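Notes follow the structure.
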2 protein chains.
Amino acid sequence: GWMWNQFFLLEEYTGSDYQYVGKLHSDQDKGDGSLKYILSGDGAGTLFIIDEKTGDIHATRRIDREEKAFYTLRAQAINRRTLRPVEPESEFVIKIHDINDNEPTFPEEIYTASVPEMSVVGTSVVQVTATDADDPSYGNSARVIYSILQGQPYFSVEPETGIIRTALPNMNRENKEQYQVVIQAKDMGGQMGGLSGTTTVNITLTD
Amino acid sequence: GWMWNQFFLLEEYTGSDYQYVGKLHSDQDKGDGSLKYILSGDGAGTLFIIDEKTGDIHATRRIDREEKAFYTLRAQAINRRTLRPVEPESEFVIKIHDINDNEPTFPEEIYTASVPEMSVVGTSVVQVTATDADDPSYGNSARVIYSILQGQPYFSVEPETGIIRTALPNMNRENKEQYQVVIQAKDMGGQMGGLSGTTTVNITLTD
Ligand SMILES: [Ca+2]
Ligand SMILES: [Ca+2]
Ligand SMILES: [Ca+2]
Ligand SMILES: [Ca+2]
Ligand SMILES: [Ca+2]
Ligand SMILES: [Ca+2]
């Protein structure tokens, strides 16, 4: 069973006028206006509106997918004069499509970790993980890549995991005892036009 | 019979990435990837493209409704390993939705008309008509209103028809013999943000 009864609406619309969703219609409609398409259900009448003669649906408000990604509504074509149904009260869904409008975010502004002095290069210090509220199942709007803004060449970060590792030998605890590392998490695969978030990792060398 | 098998695509897309059209899908799909959604028909494979695992369709080129407003394509869900159909080769349509991106246009840059001198106020001179290539069955993108930029108070134009009429008595042919009238045709009901076109009407008073 093909699943056609759904409309796809792009989120965060900013046009001057209302956003066009689609047109409900029955093949029985001859265009004489004797049919009255009514909209009912979640948001019907307010957020979403229908032109009861043609079936064209519009959205009156700017929709945010990260706040709600689906809307379930019901459609009914009726005989305008007798209120006798022509088609059955079919259920349809308005899928809110995603745009990259959420920057990667770490749970804490500052991490705290340690690593023994004189650790071999590539020793694991801490693994930072940023989240992205966009849709992972579509595009790179939520594919996060990690980079080190501050802390080189002493440290490195695995771009795909966020694992911070020591990158140099002979990191004397006597010489320097606390390093400060900044990590960037940029979405869109970490490429041009992607949104980014940062965090600070305070590291301490131990004995 | 509800008519669900159609997607609505806004014209003149200018986003950096491709434009999302929609997602073909069968309720028989369990998400295990054993299904391969194939797209075929008008523009398939080139202008429009499908993600054969999920069914997501995209448009690779900026589409112009005034150049083509509908695209007919066919969908098939198949068993990826045996090429055995799971669903029937259903036909669907991609409706190109309209934006107001065509200014009203007159057929000729300059009209030519006459009116007898000493004609009563409201005498008909000529009727100019501008066309609008946008969609009349949706919004005011093609509802044209006429206004007189030059030629007052000698002449007036009916906003809804384009009929230019004399507006003053005692228009001596001896005094002045050729008047020049400019008419504007602005869409969107002739209101803020509407597109406009102009023309010049050379008028001559006669005996
Ligand atoms: Ca959002
Ligand atoms: Ca993002
Ligand atoms: Ca988003
Ligand atoms: Ca166009
Ligand atoms: Ca127009
Ligand atoms: Ca247009």
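Here are B:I183, B:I110: which of them is away from ligand 1 (no atom under 16 Å from the Cβ), out of contact with any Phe, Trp or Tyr (no Cβ under 8 Å at 6 or more places or on another chain) and more than 14 Å from chain A (Cβ to nearest Cβ)?
B:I110
Please enumerate the residues belonging to segment A:109-137 that are surrounded by 17 or more Cβ atoms within 10 Å (Cβ to Cβ) and closer than 21 Å to A:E174 by Cβ.
Of everything in segment A:109-137, those that are surrounded by 17 or more Cβ atoms within 10 Å (Cβ to Cβ) and closer than 21 Å to A:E174 by Cβ turn out to be A:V115, A:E117, A:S119, A:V125.
Test of understanding: among B:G31, B:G41, B:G1, B:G22, which residue is away from ligand 4 (no atom under 16 Å from the Cβ) and buried (at least 18 other Cβ atoms within 10 Å of the Cβ)?
B:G22
Could you grab the pairs with beta carbons closer than 7 Å, sequence gap of 6+ or different chains, first residue in segment A:66-77 and assigned by CATH to the domain that holds A:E91 and farther than 20 Å from A:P88 by Cα, second one assigned to a strand (DSSP E or B) and away from ligand 2 (no atom under 16 Å from the Cβ)?
Once the first residue is assigned by CATH to the domain that holds A:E91 and farther than 20 Å from A:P88 by Cα and sits in segment A:66-77, its partners that are assigned to a strand (DSSP E or B) and away from ligand 2 (no atom under 16 Å from the Cβ) give A:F70/A:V93; A:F70/A:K95.
Of a type outside the set (D, E), within 27 Å of the chain's Cα centre (by Cα) and facing chain B (nearest Cβ under 10 Å): which single residue out of A:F8, A:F48 fits that description? Before you say what the answer is, go through the steps one by one.
Working: A:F48 fails: facing chain B (nearest Cβ under 10 Å).
Residue meeting the stated conditions: A:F8.
In segment A:77-121, which residues are in a loop (DSSP other than H, G, I, E, B), out of contact with any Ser or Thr (no Cβ under 9 Å at 6 or more places or on another chain) and closer than 19 Å to A:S34 by Cβ?
Scanning segment A:77-121 gives A:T82, A:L83, A:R84, A:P88.
Counting only residues that are among the acidic types (D, E), give me the strands (runs of 3 or more DSSP E) lying completely in segment B:163-207 with at least 1 of them.
So the answer is none; nothing clears 1.
Any residue at all in segment B:18-31 that is more than 9 Å from chain A (Cβ to nearest Cβ) and either without any contact (Cβ under 8 Å) to a residue 40 or more places away in the chain or more than 24 Å from A:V93 (Cα to Cα) (or both)?
Yes: segment B:18-31 contains one or more residues that are more than 9 Å from chain A (Cβ to nearest Cβ) and either without any contact (Cβ under 8 Å) to a residue 40 or more places away in the chain or more than 24 Å from A:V93 (Cα to Cα) (or both).
I'm trying to understand the selection: among the residues of segment A:150-162, which are over 21 Å from the mean Cα position of the chain (by Cα), part of a loop (DSSP other than H, G, I, E, B) and on the phi < 0 side of the Ramachandran plot?
Scanning segment A:150-162 gives A:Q152, A:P153, A:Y154, A:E158.
Can you confirm whether A:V157 is surrounded by 15 or more Cβ atoms within 10 Å (Cβ to Cβ) and not assigned by CATH to the domain that holds A:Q6?
In short, yes.
Looking at A:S137, A:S90, A:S141, which one is more than 16 Å from ligand 3 (Cβ to nearest atom), under 30 Å from A:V21 (Cα atoms) and of a type in the set (S, T, Y)?
Being more than 16 Å from ligand 3 (Cβ to nearest atom), under 30 Å from A:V21 (Cα atoms) and of a type in the set (S, T, Y) holds for just one of A:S137, A:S90, A:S141, which is A:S90.
Does A:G139 qualify as being touching a strand residue (DSSP E or B) at 6+ places or on another chain (Cβ under 8 Å) and either more than 16 Å from ligand 6 (Cβ to nearest atom) or among the small types (G, A, S) (or both)?
So A:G139 does not fit the description; no.
A quick yes/no check of all residues on (1) more than 33 Å from the chain's Cα centre (by Cα); (2) on the phi > 0 side of the Ramachandran plot; (3) charged (D, E, K, R):
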residue: A:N172; (1), (2), (3): yes, no, no
residue: A:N175; (1), (2), (3): yes, no, no
residue: A:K186; (1), (2), (3): no, no, yes
residue: A:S196; (1), (2), (3): no, no, no
residue: A:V201; (1), (2), (3): no, no, no
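In this structure, does A:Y71 turn out to be more than 10 Å from every other protein chain (Cβ to nearest Cβ) and hydroxyl-bearing (S, T, Y)?
Considered against the rule, which asks whether it is more than 10 Å from every other protein chain (Cβ to nearest Cβ) and hydroxyl-bearing (S, T, Y), A:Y71 comes out as yes.
Only one of A:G162, A:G189 is more than 16 Å from ligand 1 (Cβ to nearest atom) and either within 14 Å of chain B (Cβ to nearest Cβ) or acidic (D, E) (or both); which?
On the way: A:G162 fails: either within 14 Å of chain B (Cβ to nearest Cβ) or acidic (D, E) (or both).
The conditions single out A:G189.
So, in segment A:82-107, exactly how many residues are more than 23 Å from the chain's Cα centre (by Cα) and more than 14 Å from every other protein chain (Cβ to nearest Cβ)?
3
What is the residue count in segment B:122-149 for residues that are in a strand (DSSP E or B), away from ligand 5 (no atom under 16 Å from the Cβ) and either within 14 Å of chain A (Cβ to nearest Cβ) or in contact with a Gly (Cβ under 9 Å, 6 or more places away or on another chain) (or both)? Full working, then the answer.
Step one: filter segment B:122-149 for residues in a strand (DSSP E or B), giving B:124-127, B:131, B:145-149.
Then keep just the ones that are away from ligand 5 (no atom under 16 Å from the Cβ); that gives B:124-127, B:148-149.
Subsequent filtering for residues that are either within 14 Å of chain A (Cβ to nearest Cβ) or in contact with a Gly (Cβ under 9 Å, 6 or more places away or on another chain) (or both) retains B:126-127.
Going through segment B:122-149 one residue at a time, the tally reaches 2.
If we scan segment B:84-91, do we find a residue that is basic (K, R), surrounded by fewer than 16 Cβ atoms within 10 Å (Cβ to Cβ) and away from ligand 4 (no atom under 16 Å from the Cβ)? It would help to see each step written out before you state the result.
Initial filter on segment B:84-91 (basic (K, R)): B:84.
Among the residues that remain, those that are also surrounded by fewer than 16 Cβ atoms within 10 Å (Cβ to Cβ) are: B:84.
Adding the requirement that they be away from ligand 4 (no atom under 16 Å from the Cβ) leaves B:84.
Yes, that holds for at least one residue.
Every residue, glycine as well, gets a Cβ built from its backbone with ideal geometry; the counts of neighbours run over all protein chains shown. All of this is worked out from the model, or read from it or from the source named; nothing here is a laboratory result.
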